[PDB]
Peer 1: 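Next up is a structure, given as structure tokens.
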Amino acid sequence: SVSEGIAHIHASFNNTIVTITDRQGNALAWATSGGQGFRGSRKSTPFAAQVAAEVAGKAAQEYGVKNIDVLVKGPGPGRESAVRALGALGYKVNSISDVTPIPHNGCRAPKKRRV
RNA sequence: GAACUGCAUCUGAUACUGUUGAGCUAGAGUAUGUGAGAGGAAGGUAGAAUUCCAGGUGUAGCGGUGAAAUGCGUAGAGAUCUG
């Protein structure tokens, strides 16, 4: 159906969400580290992102996407491992980009944890 | 005898303090030219980001932790796009 698409690699310290959409912003498939059998400490690992991108990428590979540009966001560890999965799955990358929300000293952050 | 540091009244001295006349610029200020600054007060506006409301895509998780659980989610969340 669609050949050009976008890969979103929204990755946090706890979980990484890898949804891949079209050029417009309509989601086609999505996978998560916590929805792949990994929970707790193993969910926040780069490998759990490697399988999440592998599952999501293969899920919409049937759609017809071959050209896709990733949009990584977040400080998580699966921001680097997930992109490697798409490259090894047969995807032809268009551009690697990092659109992370950086406030210009806006809303106040939560208080520092005393751990 | 000495001392009683004292008090008073005269006389003298004029270095210093006091009071005064005149003068000086070195302390302190004034006028004029440039300069830097998140100095103050009143208005206006810009861009990120969060939150919320409304739609499109989409499906089973999201969130969180050292682990969890409370919580949010099949009444459609989270993610993504547009307002």
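Order of the sequence lines fixes the chain letters, A, B, ..., with proteins taken first and strands second; residue numbering starts at 1 for each chain. Computed from heavy atoms alone, side chains included, the values below leave out hydrogens, waters and symmetry copies.
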Peer 1: 5'-most contact on RNA chain B: A/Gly34 or A/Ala29, nearest heavy atom basis?
Peer 2: A/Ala29
Peer 1: I need the full list of ring pair (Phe, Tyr, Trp, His ring centres under 6.0 Å) pairs touching residues 47-69 of chain A, with sequence neighbours left out, sorted by first then second residue.
Peer 2: A/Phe38-A/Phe47
Peer 1: Side-chain N or O of A/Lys43 less than 4.0 angstrom from OP1 or OP2 on B/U65?
Peer 2: no
Peer 1: Looking at A/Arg39, does any N or O in its side chain come under 4.0 Å of the phosphate oxygens OP1/OP2 on B/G63?
Peer 2: no
Peer 1: Are any of A/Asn15's side-chain N or O atoms less than 4.0 Å away from OP1 or OP2 of B/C62?
Peer 2: yes
Peer 1: Assuming nearest nucleotide by heavy-atom distance, tell me which of A/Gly106 and A/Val115 is located more 5' along RNA chain B.
Peer 2: A/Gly106
Peer 1: Within this structure, what is the CD-to-P distance between A/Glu62 and B/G58, rounded to whole angstrom?
Peer 2: 12 Å
Peer 1: For A/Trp30 and B/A79, give me the distance from atom CH2 to atom P, rounded to whole Å.
Peer 2: 12 Å
Peer 1: Using a cut-off of strictly less than 4.0 Å, decide whether A/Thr32 has a side-chain nitrogen or oxygen near OP1 or OP2 of B/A79.
Peer 2: no
Peer 1: When the distance from CZ of A/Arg42 to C1' of B/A67 is rounded to whole Å, what number comes out?
Peer 2: 10 Å
Peer 1: Side-chain N or O of A/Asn26 less than 4.0 angstrom from OP1 or OP2 on B/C81?
Peer 2: no
Peer 1: Which of these nucleotides, B/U80, B/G63, B/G47, is closest to any side-chain atom of A/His8?
Peer 2: B/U80
Peer 1: Is B/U9 base-paired to B/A69, counting Watson-Crick or G-U wobble with both distances below 3.5 Å?
Peer 2: no
Peer 1: From C-beta outward on A/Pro101, which listed nucleotide comes closest to its side chain: B/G66, B/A79, B/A49?
Peer 2: B/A49
Peer 1: Please state how far atom CZ in A/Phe38 lies from atom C1' in B/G63, giving the value in whole angstrom units.
Peer 2: 19 Å
Peer 1: Checking all strands, does A/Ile102 fall into the base, sugar-phosphate, or nothing category for heavy-atom contacts under 4.0 angstrom?
Peer 2: sugar-phosphate
Peer 1: Could you state the CG-P distance from A/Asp22 to B/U82, rounded to the nearest angstrom?
Peer 2: 12 Å
Peer 1: On the nucleotide B/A49, are OP1 or OP2 found under 4.0 Å from the side-chain N or O atoms that A/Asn105 carries?
Peer 2: no
